[PDB]
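Participant: what shape does this take:
(2 chains)
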2 protein chains.
Amino acid sequence: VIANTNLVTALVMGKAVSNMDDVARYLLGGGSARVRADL
Amino acid sequence: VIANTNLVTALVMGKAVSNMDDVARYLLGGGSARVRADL
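Facilitator: Numbering: from 1, shown residues only, chains lettered A, B, ... in the order given. Now the structure:
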């Protein structure tokens, strides 16, 4: 989902990246279930 | 200057806008001297 950092870019400029938040933080300082099958 | 929001944008995206801080803060809630002259 795109929100709160990719939103502003996707609106004012027109492109977005997935891990924009991790990129920002690094750049500027600051269940399972069982099923029948065959193996 | 470009810093802390245009920095990441210009480094990963390739574009940068002037008043990025204000539009960001908007989308998500978040002395003179005397000289002589001829008037």
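Participant: around chain B, which positions in chain A sit nearby?
Facilitator: For chain A, the residues found near chain B under the criterion C-beta under 8 Å from any C-beta of the partner chain are A:4, A:7-9, A:11-13, A:15, A:17, A:20, A:23-24, A:27-28. Any C-beta I mention is one placed from the backbone N, CA and C, and that applies to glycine too.
Participant: among those, which lie within helices?
Facilitator: A:7, A:8, A:9, A:11, A:12, A:20, A:23, A:24, A:27 (DSSP state H).
Participant: list only buried entries from the residues you listed.
Facilitator: A:7, A:8, A:9, A:20, A:24 (16 or more other C-beta atoms under 10 Å in any protein chain shown).
Participant: surely the first one and residue B:27 touch.
Facilitator: This means residue A:7. Yes. Here residue A:7 reaches residue B:27: they are 6.2 Å apart, a contact under C-beta atoms under 8 Å.
Participant: please tell me I have it right and residue A:8 contacts residue B:30.
Facilitator: No. Counting by C-beta under 8 Å, residue B:30 is not a contact partner of residue A:8; they are 11.2 Å apart.
Participant: joint contacts of those two?
Facilitator: Taking C-beta atoms under 8 Å, 6 or more residues apart in numbering or on different chains as the contact rule, residue A:8 and residue B:30 both touch residue B:24.
Participant: chain center to stretch A:19-32: distance?
Facilitator: 9 Å (C-alpha atoms, centre = their mean, to the nearest Å).
Participant: got the CA coordinates for that stretch in CSV?
Facilitator: Only the C-alpha atoms of stretch A:19-32 are listed here, as CSV (Å, rounded to 0.1, in the frame of the first residue of the first chain):
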residue,chain,number,x,y,z
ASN,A,19,10.6,0.9,0.4
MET,A,20,10.5,4.6,0.5
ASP,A,21,10.2,4.7,4.3
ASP,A,22,13.3,2.6,4.8
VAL,A,23,15.2,4.7,2.2
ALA,A,24,14.2,7.8,4.1
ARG,A,25,15.2,6.4,7.6
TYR,A,26,18.6,5.3,6.3
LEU,A,27,19.2,8.4,4.3
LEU,A,28,18.3,11.2,6.7
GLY,A,29,19.3,10.4,10.3
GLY,A,30,16.1,11.1,12.2
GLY,A,31,0.8,-17.5,10.6
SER,A,32,0.7,-21.0,9.0
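Participant: fine, thanks again, bye for now.
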